[PDB]
């Protein structure tokens, strides 16, 4: 049974967690609580990781770090990255654009000047969301009729930008849909209602946005 190690927050591993639950693939988590920053530094180097860091994935001497290398791995272990250069690169471009939103959030989330920075993020956000609304025109999931990992990435992003601005999607009902659709997938839906689901925080507890032990 593979092992996924990370903070007990959505952060950088939420997409991955979904994917795993989607493929009903069994695994165990090493969850680091808010006040366990030591326990980690205690094991940071006794895991045999070539690039100690969080999150980490480990099973039969497959030692990985870097949320993207990880997620892609689980994906690849199930032939889901693409069937050729073109479709593989298309799926990577989705990866990129989704992170340009998920990350946009986190880089201005730990700032003490969040409350005035989000304003310029939310103004740009439309143009970013739009591109996804189009991609989703005549398609069920990005990149086709079959679910890919970037669909779980966009879902996390969406879920996170809605906390920042409950109305960011009203102008994109096609995304509001895509979101309910994902939540409809039996495995996923069963998960969100399960005990293993980490509802909060979104970022590191210290973060201004999506921080704190419980949502406001």
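Residue numbering in chain A adheres to Swiss-Prot, whereby the residues present occupy positions 2-217 in order.
If you're wondering, the header gives X-ray crystallography, 6.0 Å.
A Cβ is built for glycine as well, from the same backbone N, Cα and C atoms used for every other residue.
Reduced to three states, the DSSP call for residue 43 (glutathione binding site) is helix. The Cβ of residue 43 (glutathione binding site) has 10 neighbouring Cβ atoms from other residues within 10 Å, across all protein chains displayed. Here Swiss-Prot flags 7, 8, 41, 42, 43, 44, 45, 54, 55, 67, 68 as glutathione binding site.
Cβ contacts within 10 Å of residue 111 (substrate binding site), excluding its own Cβ and spanning all protein chains shown: 15. Positions annotated as substrate binding site by Swiss-Prot, on the basis of a curator's inference: 111.
Under the heading domain 'GST N-terminal', Swiss-Prot lists 2-83.
Residues annotated as domain 'GST C-terminal' in Swiss-Prot: 85-203.
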| note | Expressed in Å to no decimal places, the gap between the Cα atoms of residue 41 (glutathione binding site) and residue 111 (substrate binding site) is 21
| query | Tell me, how many other CB atoms lie within 10 A of the CB of residue 68 (glutathione binding site), whichever protein chain they belong to? | reply | 22
| task | Look up residue 7 (glutathione binding site) in the DSSP assignment and report helix, strand or coil. | result | strand
| message | For the binding-site residues listed here (7, 41), tell me which residue's CB has the most neighbouring CB atoms inside 10 Å. | response | 7
| Going by DSSP, how much of the domain 'GST C-terminal' (85-203) is helix, how much is strand and how much is coil, in residues? | 80 helix, 2 strand, 37 coil
